[PDB]
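In the block that follows, a single chain appears as C-alpha cells, in the form deposited in one PDB entry.
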C-alpha cells in the first residue's frame, strides 16, 4: 500500500509538548520507520526547545503576545483609532442587556465574581458604553479599539483557552461603503500581526447587515460585521457601525507555527512557544 502509517495520537501529543513542527503530516512505510523517526523528532524537539529558552535568557525581548498587541495597536492608532481600556468586571445588568440571560447557553460560560458582577466573556458590553459616550462629544466617526483578557468556562464551550486576549475595533458612523471600510481595517490588523495572506468570507446576515469572517488555511481568525445589530437599541446606539474581533493568541500561534494554542499566550508552563518545565 505504501506510506500508510502516521504518528499515533499519543505520539503527536508527546511531540507537540516540546516541539512546534508539523508532525501530523508525516507518513511512513511501516511501524519501524515511524518509531525510528519518532525517536529522532522527540530528541530534536526537546533539544530545540532547550536552545530557545537559553536564547531568551541570553537575549530577552518583549513577550510575543505583548509584541503582537503593540504592533497591531500602533497600526490602528495610525488609522485614527483611539485605544481604550475597560475593566475586566462587568455587571449582571450589562450581561442582561446583551441578552446574556439563563437558558441562553452562553450564560453557563460566564465566570461570576459575586451576585452582581462577573468576568467579561467579550469586549462588547464595555465597548457599547464607550461608543455611545463618545458620540456625545463628536459628530464624526467614533473609532476605538481595546485589547484585553476575556474569560469563558472551558467545560461549556470548548475553546481550549479559558483566559484569552481579544482585540475588538469599532468604527461607529455612517459610511458610503462600510464593507470596504471593514476590509481595510482587517487588512490593517492582519498585516500588522505579520499575516498578510488570508482568506475573506463575506455573507449576508440575519442579525447583522453583513458578516465577514477571516480564514487562514480553514482556521477561524477573525469575525467581523457591519451594523446595525438588534442589540444597538438596548445600548442607545442608533447609527451604522462596523467592527471586527480578533483572537490574539490564535493569531500568534498561526504566525509562529506553534503546535498548540497554549504556548504563545499567558502561561506558567510555556514562554514564547517554549516549555520551561
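Positions refer to the first chain, counted from 1. For clarity, a rigid core is taken as the largest C-alpha set superposing within 1.5 Å between two forms.
Problem - Mean temperature factor over C-alpha atoms, higher-scoring stretch between 22-30 and 46-54 - result: Looking at the record's C-alpha B-factors, the answer is 22-30.
Practice task
Averaging only over Cα atoms, indicate whether 96-104 or 140-148 has the higher B-factor in the PDB entry.
Solution key: According to the PDB entry, the answer is 96-104.
Exercise for the section: Have a look at 159, 124, 113, 170 and flag the one whose Cα has the highest B-factor in the entry. Expected result: Comparing C-alpha B-factors across 159, 124, 113, 170, the top value belongs to 159.
Problem - Top Cα B factor in the deposited entry, candidates 163, 83, 74, 204 - result: When the deposited C-alpha B-factors of 163, 83, 74, 204 are compared, 204 is largest.
Problem - Assigned third (lowest, middle, highest) for the C-alpha B factor of residue 215 - result: Highest third of the chain for residue 215's C-alpha B-factor.
Exercise for the section: Sort the modelled residues of this chain by their C-alpha B factor and say whether residue 244 lands in the lowest, middle or highest third. Expected result: Its C-alpha B-factor belongs to the middle third of this chain's values.
Exercise for the section: Report the third (lowest, middle or highest) to which the CA temperature factor of residue 70 belongs, ranking only the modelled residues of the same chain. Expected result: Within its chain, residue 70 is a lowest-third residue by C-alpha B-factor, going by the deposited values.
Handout entry: CA B-factor ranking of residue 277, expressed as a third of its chain
Key = As the PDB entry reports it, the C-alpha B-factor of residue 277 lands in the middle third of its chain.
Practice task
Could you say whether, by C-alpha temperature factor, residue 231 belongs to the lowest, middle or highest third of its chain?
Solution key: Residue 231: CA B-factor falls in the highest third of its chain.
In what follows, reference is made to the form deposited in another entry, a form of this protein that is not presented.
Practice task
Shifts of 2 Å or more in the Cα, rigid core superposed between this form and the one not shown, apply to only one of 40, 238, 51, 63; name it.
Solution key: After core superposition, the single residue displaced by 2 Å or more is 40.
Handout entry: C-alpha of residue 229 off by 2 Å or more between this form and the one not shown on rigid core
Key = After core superposition, the displacement of the residue 229 C-alpha between this form and the one not shown stays below 2 Å, so no.
Problem - Did residue 26 shift 2 Å or more between this form and the one not shown, C-alpha, core superposed - result: Yes; that C-alpha moves by at least 2 Å between this form and the one not shown.
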